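Chemist: What would the 3D arrangement of this be:
(one chain, ligands or ions: 4)
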Amino acid sequence: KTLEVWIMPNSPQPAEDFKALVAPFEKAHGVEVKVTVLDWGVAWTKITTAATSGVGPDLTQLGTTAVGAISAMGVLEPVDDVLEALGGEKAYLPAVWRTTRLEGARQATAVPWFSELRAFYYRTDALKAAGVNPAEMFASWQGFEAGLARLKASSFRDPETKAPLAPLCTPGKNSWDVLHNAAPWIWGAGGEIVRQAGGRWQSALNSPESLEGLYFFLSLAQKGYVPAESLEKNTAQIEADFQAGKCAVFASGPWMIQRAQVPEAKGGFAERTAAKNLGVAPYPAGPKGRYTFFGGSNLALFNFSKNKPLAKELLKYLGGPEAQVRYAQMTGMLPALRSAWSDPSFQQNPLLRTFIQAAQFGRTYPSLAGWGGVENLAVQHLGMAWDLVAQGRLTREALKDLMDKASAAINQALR
Ligand SMILES: O=S([O-])[O-]
Ligand SMILES: O=S([O-])[O-]
Ligand SMILES: [Cl-]
Ligand SMILES: [Cl-]
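Modeler: Numbering: from 1, shown residues only. Ligands and ions are numbered 1, 2, ... in the order given. Provided below are the atomic coordinates:
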């Protein structure tokens, strides 16, 4: 008669939004869904305890990069049946399909719920003033850097700040998404964070391709295109700087589009020049291709659940077309179910349609049991690289030294 579901704070009123989302399910099945909101401050420790103790909810949200770790503990129920009901492998972007299982596992243990992806917002007024065309600027890395150089040389001033814009704003090391900000550049160069050989995983952060991508990105902040102050800040703070009219180009997710429609008084930026002059482009095509970072969250069923049939019916509901569109809107994310990308909620909005175009270039990390150690050691060393950038002292040699140190530590952790 009750299901217990743990979620993270994905929407502006996390428990109210989720309860509204599931109310039709509760009526149809005659059950009550009891939702607990795990603040991002405590979510991972609460989930880990549940997994280690065998005490916890029926379903939990999992970030896509946590699926391998929790699956490897052997505490998750298989959900092949739910995914086949939703259309199988072909119903999902392959990057999203990768997140349904521990890498190499025969069975699915997570149901895709919603996708985070990143694309560049830009100031359509600033690019027009600079004589930069977005089609050309985001067609290649060379065009990207050439567009920032035009934006740096431009005399354009924001009509409210009365100041020139930073060509590019990005966090450096002081953000939750350090690796995710770097990943499209690693991938575009032809690199990857880890590689498999003999079924054993090792770091590839020190490969020649990975180093080219990392240097291309980090060095933009050494060339005058990113303000030093940006490197102190997290993504949320850089989003505020863009809203305030201080940045011509910056990467974020689809939630900024809804923020642009909402008054400043209610936490949005509708009144600001940036909201009235807003563009989106995908990450620019690199040497070996165009990639869009995918993250977001899935749902999993603990094998100590007393209510596995009803929990699987809720997975099918949350994973399915109607709830996919409703919850994508609530969270400012993209549906995990790829069919939902053609819904008018995305297609009627030009900026959301650009996110849909970016989405087909999606790529994610391998679903490793040891992923958190990989990311943590990657980000420590990328941090030290960002510290050299802030001093104008990041050389190609210094970057290679730091990624060799990271690779040695990663390979030890993976063994
Ligand atoms: O380059 S503009 O025409 O998209
Ligand atoms: O590419 S060098 O100018 O950092
Ligand atoms: Cl992928
Ligand atoms: Cl990778």
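Chemist: What sits closest to residue 173 if chain neighbours are left out?
Modeler: residue 383 (3.7 Å; CB to CB, 6 or more residues apart in numbering). No exception for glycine: its C-beta is placed from N, CA and C like everyone else's.
Chemist: anything in the helix or strand in which that neighbour is found sitting right up against ligand 4?
Modeler: Assessed by DSSP states H and E, residue 383 sits inside helix 371-391. No. Contact of helix 371-391 with ligand 4 (CB under 5 Å from the ion) is absent, the minimum separation being 9.1 Å.
Chemist: Which residue would be the closest one in the protein to ligand 3?
Modeler: residue 95 (3.9 Å; CB to the ion).
Chemist: Let me know the secondary structure of that residue.
Modeler: helix (DSSP: H, G, I helix; E, B strand; the rest coil).
Chemist: Contact partners for it?
Modeler: With contact set as CB atoms under 8 Å, 6 or more residues apart in numbering, residue 95 has these partners: 294, 362, 363, 364.
Chemist: Please indicate which of those has the highest neighbour count?
Modeler: With neighbours taken as other CB atoms under 10 Å, the top of these is residue 294, carrying 26 neighbours.
Chemist: so what's that residue bridging to?
Modeler: For residue 294, the beta-bridge assignment (DSSP bridges) gives partners residue 117.
Chemist: Wait, it touches residue 93, no?
Modeler: Yes. Contact status for residue 294 versus residue 93: in contact at 7.3 Å, counting by CB atoms under 8 Å.
Chemist: Give me the common contacts of these two.
Modeler: Common neighbours of residue 294 and residue 93 (criterion: CB under 8 Å, 6+ apart): 115, 362.
Chemist: in the stretch 201-350 of the chain, which spans are helices?
Modeler: 208-220, 235-243, 255-259, 273-276, 308-318, 321-331, 344-347, 350-359 (DSSP state H, counting those that start in this stretch).
Chemist: Of all those helices, which one is nearest ligand 4?
Modeler: Ligand 4 lies closest, by CB to the ion, to one member of the helices of the stretch 201-350 of the chain: helix 208-220, at 9.0 Å.
Chemist: buried set for the closest one?
Modeler: 209, 210, 211, 212, 213, 214, 215, 216, 217, 218, 219, 220 (16 or more other CB atoms under 10 Å).
Chemist: ok, the fifth one - contacts?
Modeler: Same thing as residue 213. 182, 185, 186, 187, 188, 189, 190, 191, 286.
Chemist: what's the burial count for the closest residue to residue 39 other than its chain neighbours?
Modeler: Beyond its immediate neighbours in the sequence, the residue positioned closest to residue 39 (CB to CB, 6+ apart) is residue 9, lying 6.3 Å away. For residue 9, the neighbour count with other CB under 10 Å is 16.
Chemist: if we can go back for a sec, any chance of the contacts of residue 213 in CSV, with distance to residue 248, secondary structure and neighbour count too?
Modeler: As requested, those are exported to CSV (distance: CB to CB, whole Å; DSSP: H, G, I helix; E, B strand; the rest coil; neighbours: other CB atoms under 10 Å):
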residue, distance to residue 248, secondary structure, neighbour count
182, 21, helix, 24
185, 19, helix, 24
186, 24, helix, 27
187, 24, helix, 24
188, 21, helix, 26
189, 24, coil, 25
190, 28, coil, 16
191, 27, coil, 24
286, 21, coil, 23
